[PDB]
Amino acid sequence: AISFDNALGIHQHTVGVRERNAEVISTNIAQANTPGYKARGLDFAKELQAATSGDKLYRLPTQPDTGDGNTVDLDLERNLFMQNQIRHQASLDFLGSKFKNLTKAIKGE
Amino acid sequence: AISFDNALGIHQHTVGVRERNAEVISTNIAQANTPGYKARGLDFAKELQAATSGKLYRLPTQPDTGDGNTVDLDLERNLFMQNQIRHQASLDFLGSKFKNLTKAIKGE
Amino acid sequence: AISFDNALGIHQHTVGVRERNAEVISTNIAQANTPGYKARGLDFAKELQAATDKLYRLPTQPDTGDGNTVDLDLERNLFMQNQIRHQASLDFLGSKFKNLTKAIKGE
Amino acid sequence: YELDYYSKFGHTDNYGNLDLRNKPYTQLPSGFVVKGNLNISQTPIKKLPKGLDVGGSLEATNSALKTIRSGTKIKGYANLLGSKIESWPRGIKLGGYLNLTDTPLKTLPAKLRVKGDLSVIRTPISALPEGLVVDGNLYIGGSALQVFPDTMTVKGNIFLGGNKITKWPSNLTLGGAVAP
Amino acid sequence: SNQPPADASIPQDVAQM
Amino acid sequence: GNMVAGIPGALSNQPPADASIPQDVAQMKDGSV
Amino acid sequence: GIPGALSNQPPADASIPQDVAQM
Amino acid sequence: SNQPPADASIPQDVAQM
Amino acid sequence: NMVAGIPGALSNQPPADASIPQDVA
Amino acid sequence: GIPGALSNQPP
Amino acid sequence: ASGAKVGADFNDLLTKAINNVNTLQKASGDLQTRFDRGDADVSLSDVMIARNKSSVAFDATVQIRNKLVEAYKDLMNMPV
Amino acid sequence: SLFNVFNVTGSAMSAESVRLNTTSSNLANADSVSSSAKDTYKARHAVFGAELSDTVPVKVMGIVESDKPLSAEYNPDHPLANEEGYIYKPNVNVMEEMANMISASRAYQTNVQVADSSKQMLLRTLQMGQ
Amino acid sequence: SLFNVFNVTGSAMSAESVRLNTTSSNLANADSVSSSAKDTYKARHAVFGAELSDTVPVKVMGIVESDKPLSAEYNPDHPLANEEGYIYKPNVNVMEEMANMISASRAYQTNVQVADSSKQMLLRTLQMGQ
């Protein structure tokens, strides 16, 4: 034992995935008005598995498009972006406390 | 003595109960327009007792207009903000229990 | 180097010019009804040169015997634009000190 | 009750589509003519009047439809999924498919022709009539069928649906395959 | 209460109910 | 099941004499379905 | 499922045998 | 889903298709 | 591969309106 | 009870 | 391989980061003064983006500097 | 777990959006004697549902047309007139569609308030203890 | 790399800005008859594009004139008329310009929130381990 992997856990890979998800969600919000653009989804479980050791998912629209072809539901995108930011803040707190505890033990302070 | 139970008291359990209460109040607001849905209440004294030692229906003030829904949104809004204030106050109480506990062990 | 002139850029002077411009537009709107008053315009590049004037506005329509060359449609738009740009200059110049203080204190 | 001249006028749109969904009507006028689709699903109608002419499709799902009189003309299909019909009359002019899933159907007229798929799923029918010709697929899943007619024509794929077939037709021209 | 409140009835005759 | 459902809004909040709701949906409110 | 619910697909109709026949 | 959502039609006349 | 088109009101109406140029659509 | 308050059940 | 190569590689990493931060700070400064002088080809959105990135980039520079100094101050207080 | 509140409010907001679009179509098609394929427009209504057995999300389970009869109008010279000269028009009622517009919008906005308030409560839990 | 969200949100801000400028020109030139019948102003519209070869930026691919026929008006008094006394006017529809104004402004401000919230996540990342 006594290794950074065994000490940090999955809180280092989770942060990267949460930032990846925010990039995907922000892309859907920006491309909301572009006709023909299809909303992009991200699988957290698969992304976390790939990050730990190392495809395109589309979001099914709740209602038909008005003709443009864009399936971005901006009501859902804001809700997911808000959730992603909260869980990302927790992951930083979880990962940040891993380093603080490691520093505390190696210095006894 | 010197146990996390004796150290935090009921503050470690009140946080979870008021989170449950917020969930029950929140779904009442969402299901307000759903016809035939009966407003659901939570008994704080009973739920707190259950958590310490390891849902009811809300009677309407006025008859429903024909959809069978007994959700009064004015009551749901009022109870939600009271729970939020008490939830925040509960975190202040529980949070300072740890900080005072940390102050004693470190002497600073 | 490392002087306030270079640290602040020209944002230290723009705030003053936007205040002078707002004063002139306020004068034009107030003097819109007084006959014989000629609308005054301020040249931005002149105060730029003064940093590193008070001209007249030629009417697009003839007067009606007053001789007053103030177009209230133009003045409102020019006052709205100046006020928006004035707030941006405050944001630019305000952040110059916020970055400057963070560099010195390191926190 | 019955359907009068003005009773039907309240259930007709601009294209003559008669909608009787869950309406408490028990019968239709004799010699009835409907320009468009007819919907009598979930209705207490026990028998269709003789000479009925439908310019569209027939839908009587989950209804009490039990008897159909000969000479009825349907331009579209006859959807009878879940009805109470026990026997299919001869001489019905049908231009679409006959969906008899979840029906107590027992017998079919000989030399029957269906211009589309035929579904006798979950029916107590004992033997398909000789000379039966189907221009679509055949569904016999969950039915009492165990013996096929000597000659039959299924332009589509025959789907057995689980029942064991002990005898196969001698003259069968199949455009598809057979699936269990 | 532990028993759901009853759905209100809006009859046009009351007698029939 | 034990699922309660129906048409929300102004259509439901009327006396049943209007009969603007289909009978299939109207029973669905009850809770039997 | 709810009874009488509308469908989000063109309504199979009469003309063009194609619909009257294919289920 | 893995398949991109299909585009809406909004046909002027359904028979024309 | 690109996904381009006029955004706004000109594309959010049935194609029978025929406001978008054919090439762009 | 109020002397003359309406009930909430059929009369 | 020698230890100087690792030291030079670490030095180039720090120099590259400082140049990147300096590039953003100068890029933000030009966009700020271009919009402030009254040029109509500059968008307020791009200016705010430019100064947002420069502010974040410099804040990262401050954090690394403090950690380097703290490590050195920790280093000098050691038995030897 | 206040993250459940996000699911419930999000499902409610989606349901209100479906109801608003249904109201929008009824107002736009309250005067249409024709239709795309062959059937006169009938006032549509989304169906909300609560799968009560915590939180109970609200889900839309399909669109159901109103059962009110179509309003028959006497337009005998119209091309689509029947044998009696009547044409049929959608049963959309203006008063109830306006109430749906008001009700759906106010219900949509109050669910945003709950989610925003619930978002704060999660943040204060993160700051607990420090 | 460190600011991918800013490049996408910022691109939307620049993209939605062009659509508002185009809308302003269409409304300001809705009554500009100009001269001839082919130099007459026509409603212009920006074309958004997304190259999906992470983040997909939005790029404006040029301004495209509307294909709607010009609005003809009978006026054998305007000196810039034609043989039949017709002056052709720009094919600008006020209702579609108002909707674009609403859509452009709201979508533009939505990306402001995402870009502003993206900075907060970057600022919180710098506080990791502190």
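Every residue, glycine among them, receives a Cβ derived from its backbone with ideal geometry; neighbour counts consider all protein chains shown. Values in this text are rule-based calculations from the coordinates and carry no lab data.
Okay, here's what the table says:
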read-out: Point-charge dipole on Cβ atoms (K/R +1, D/E -1) for the range B:1-82, about Cα centre, debye to 20; value: 120 debye
read-out: Distance between modelled label sites at B:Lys106 and G:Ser15, nm, 7 Å Cα→Cβ extension; value: 8.3 nm
read-out: Farthest positive-ward along the protein assembly as shown dipole, Cα basis, beta-carbon charges - from K:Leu13, L:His78, C:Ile29; value: K:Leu13
read-out: Rg/Rh (Cα only; Kirkwood hydrodynamic radius) as it applies to chain B; value: 1.15
read-out: The range L:84-100-the range A:13-33 distance, computed between alpha-carbon centres (Å); value: 45 Å
read-out: DSSP beta bridges in the protein assembly as shown [antiparallel fraction, %, rounded to 5]; value: 50 percent
read-out: Ratio Rg/Rh, restricted to the range D:85-180 and using Cα atoms, in which Rh is the Kirkwood radius; value: 0.91
read-out: Mean Cβ count within 10 Å, highest first, over the residues of peptides B:13-19, D:111-117; value: B:13-19, D:111-117
read-out: Burial order of peptide ranges J:2-9, L:67-74 (average beta-carbon count within 10 Å, highest first); value: L:67-74, J:2-9
read-out: Residues D:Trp168, D:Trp88 arranged by fewest to most Cβ contacts within 10 Å; value: D:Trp168, D:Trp88
read-out: Equivalent-ellipsoid semi-axes of the range D:68-125, from the Cα gyration tensor, Å, largest first; value: 17, 13, 10
read-out: Diffusion coefficient, µm² s⁻¹, Stokes-Einstein with Kirkwood Rh over alpha-carbon pairs of the protein assembly as shown at 10 °C and 1.306 mPa s; value: 45 µm²/s
read-out: Net charge, M:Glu16 excluded, C-beta distance under 14 Å - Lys, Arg +1, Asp, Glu -1; value: +2
read-out: Quotient of C-alpha Rg and 2.2 N^0.38 Å, computed over the range A:1-55; value: 1.50
read-out: Environment charge of B:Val24, counting only residues whose C-beta is closer than 12 Å and scoring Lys/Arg +1, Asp/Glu -1; value: -1
read-out: Ranked M:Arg19, A:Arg87, A:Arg20, criterion: other C-beta atoms within 10 Å, fewest first; value: A:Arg87, A:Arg20, M:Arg19
read-out: Diffusion constant of the range L:57-109 at 37 °C, which comes from Stokes-Einstein with the Kirkwood Cα-pair radius and 0.692 mPa s, µm²/s; value: 233 µm²/s
read-out: Inter-chain Cβ neighbour average for residues L:8-16, partner chain, 10 Å; value: 6
read-out: Radius, Kirkwood style, for chain K when every pair of distinct Cα atoms is counted (Å); value: 15.3 Å
read-out: The range K:1-58 - charge dipole about Cα centre, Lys and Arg +1 at Cβ, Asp and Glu -1, debye rounded to 20; value: 160 debye
read-out: Shortest-first nm distances, L:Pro69 label point to equivalent points in other copies (7 Å, Cα→Cβ); value: 4.3
read-out: Shielding by partners - mean other protein chain Cβ count within 10 Å, residues of M:94-105; value: 3
read-out: Whether chain D is rounded, prolate or oblate, judged on the alpha carbon gyration tensor where a/c under 1.5 counts as rounded; value: prolate
read-out: Relative frequency of Cα-Cα separations exceeding 16 Å in the range L:27-69, percent; value: 55 percent
read-out: Taking C:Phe97, M:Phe48, A:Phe99 and counting other C-beta atoms within 10 Å, the order from fewest to most; value: C:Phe97, A:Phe99, M:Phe48
read-out: Positive-pole candidate from L:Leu126, M:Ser34, K:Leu75, dipole of the protein assembly as shown, charges at beta carbon; value: K:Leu75
read-out: Cα centre as origin, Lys/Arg/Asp/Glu Cβ charges: the range D:59-151 dipole, Debye; value: 420 debye
read-out: Residue mean of other protein chain beta carbons inside 10 Å, L:80-89; value: 3
read-out: For D:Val134, net neighbour charge (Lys/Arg +1, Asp/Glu -1) across residues whose Cβ lies under 14 Å away; value: +1
read-out: Largest-first ellipsoid semi-axes for chain L, taking √(5λ) over the Cα gyration tensor eigenvalues, angstrom; value: 45, 13, 10
read-out: The range B:1-48: chymotrypsin sites (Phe, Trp or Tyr not before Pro) in DSSP loop, at most 16 other beta carbons within 10 Å; value: none
